[PDB]
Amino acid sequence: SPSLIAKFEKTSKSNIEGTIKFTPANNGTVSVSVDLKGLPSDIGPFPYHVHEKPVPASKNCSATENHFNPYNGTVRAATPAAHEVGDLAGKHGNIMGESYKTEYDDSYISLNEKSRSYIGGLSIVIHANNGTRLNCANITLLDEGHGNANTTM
């Protein structure tokens, strides 16, 4: 299953830029690497989630609809597995600060296209602490080249 990436860009709407990368890991989990700057810290900390629809060409973060929650889960929970699949921040911590870099494994999202919990083609939205949507990015393929006879450049 191929690696994915969400690339955040700076616009008049938001100074948030950087990447969230998804790579398949050892324990049948997905390794998530967050590298962001330009955050408006004073209205944080910043919840972030996989949302159910793509970011349209307009860059309207509202158009991504709700959290990707195919397995009906809870907002706050005792165990990470009880959180919504797309609820990255709930399981792993909100983004904090003006710059934020972190790495963790998520056991719930999937890189396998044939999987229900597949997050390819969806979106990530970063929210202010009050829920306001600040910036968003589509989750797209990282590597250019695939197949068992191919290499990637």
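Heads up: residue numbers just count along the shown sequence, starting at 1.
Stretch with the greater mean C-alpha B-factor as recorded in the entry, comparing 19-27 against 6-14: Result: 19-27.
41-49 versus 119-127: which one carries the higher mean Cα B factor per the record? Per the PDB record, 41-49.
Whose CA atom has the top B-factor in the entry, of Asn66, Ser110, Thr102, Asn60? The C-alpha B-factor peaks, among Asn66, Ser110, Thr102, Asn60, at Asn66.
Sorting by Cα B-factor within the chain, modelled residues only, which third would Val32 end up in: lowest, middle or highest? Its C-alpha B-factor, which the entry lists for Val32, ranks in the lowest third among residues of this chain.
Among the chain's modelled residues, which third holds the C-alpha B-factor of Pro56? Answer is lowest: the recorded C-alpha B-factor places it there.
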